[PDB]
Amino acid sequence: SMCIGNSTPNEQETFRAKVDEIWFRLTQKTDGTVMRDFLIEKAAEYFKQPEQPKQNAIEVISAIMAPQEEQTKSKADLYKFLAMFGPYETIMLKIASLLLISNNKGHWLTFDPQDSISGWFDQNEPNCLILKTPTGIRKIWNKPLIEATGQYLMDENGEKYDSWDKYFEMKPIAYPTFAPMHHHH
């Protein structure tokens, strides 16, 4: 039963209400399904930046909405997509942010799973990125109602972060250090 996590009841319904609104504005249909290309195209137009080429937005979205092979999409697909990188006002910023990190660290991020690092979003709690590192599994939640301008990441303790970059700074994925413990900030 797909639902966003690390979210209060109210936040869940608020977010659910948003998904409904956007799906409807994109498909003029309360539910059902639509051809894959049609959804991605409408979503691109509506989610890209003013100076962002439509084709670019289409390629990005198409890559995130795996599998490529599937021919149609539904509300639950939009729910998943907005859960990972919403709100829509800054969706492309969150994407670039996260995407840039993995591109610089061995490309661990995958939107369609099938030693070393690996990360993906939980299909049943779509705003939750699961990370498989040496020290084990770690979880971090995108807050789908917070624009990339705010603190849109929160952990299991309720500790917010400013951005993906900040979070992976504070908790990245030994070497002889010749400096006293208290020298550390």
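Residue indices: 1-based, along the sequence shown.
Colleague: From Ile173 on to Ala174, does the model leave out none, 1 to 3, 4 to 9, or 10 or more residues of the deposited sequence?
Modeller: Going from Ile173 to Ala174, the model skips 4 to 9 residues of the deposited sequence.
Colleague: Please classify the coordinate gap between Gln71 and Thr72 in terms of deposited residues: none, 1 to 3, 4 to 9, or 10 or more.
Modeller: Gap between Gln71 and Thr72: none.
Colleague: Look over 151 to 159 and 131 to 139 in the entry and identify the one with the greater average Cα temperature factor.
Modeller: Of 131 to 139 and 151 to 159, the stretch with the higher C-alpha B-factor average is 131 to 139.
Colleague: Averaging the C-alpha B factors as listed in the entry, name the stretch that ends up higher: 115 to 123 or 48 to 56.
Modeller: Comparing 115 to 123 with 48 to 56, the higher mean C-alpha B-factor belongs to 115 to 123.
Colleague: Considering every modelled residue of the chain and its Cα B-factor in the PDB entry, is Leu100 in the lowest, middle or highest third?
Modeller: As the PDB entry reports it, the C-alpha B-factor of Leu100 lands in the highest third of its chain.
Colleague: Determine, from the deposited record, the chain-internal third of the Cα B-factor for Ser1: lowest, middle or highest.
Modeller: Its C-alpha B-factor, which the entry lists for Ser1, ranks in the highest third among residues of this chain.
Colleague: Test of reading the entry: by CA B factor among the chain's modelled residues, which third contains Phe168?
Modeller: Ranked within chain, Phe168 CA B lands in the highest tercile.
Colleague: Taking the entry's C-alpha B-factors for this chain, is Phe85 in the lowest, middle or highest third?
Modeller: For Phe85, the deposited C-alpha B-factor lands in the lowest third.
Colleague: Would you mind checking where the Cα B-factor of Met65 ranks among the modelled residues of its chain, as the lowest, middle or highest third?
Modeller: Its C-alpha B-factor, which the entry lists for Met65, ranks in the middle third among residues of this chain.
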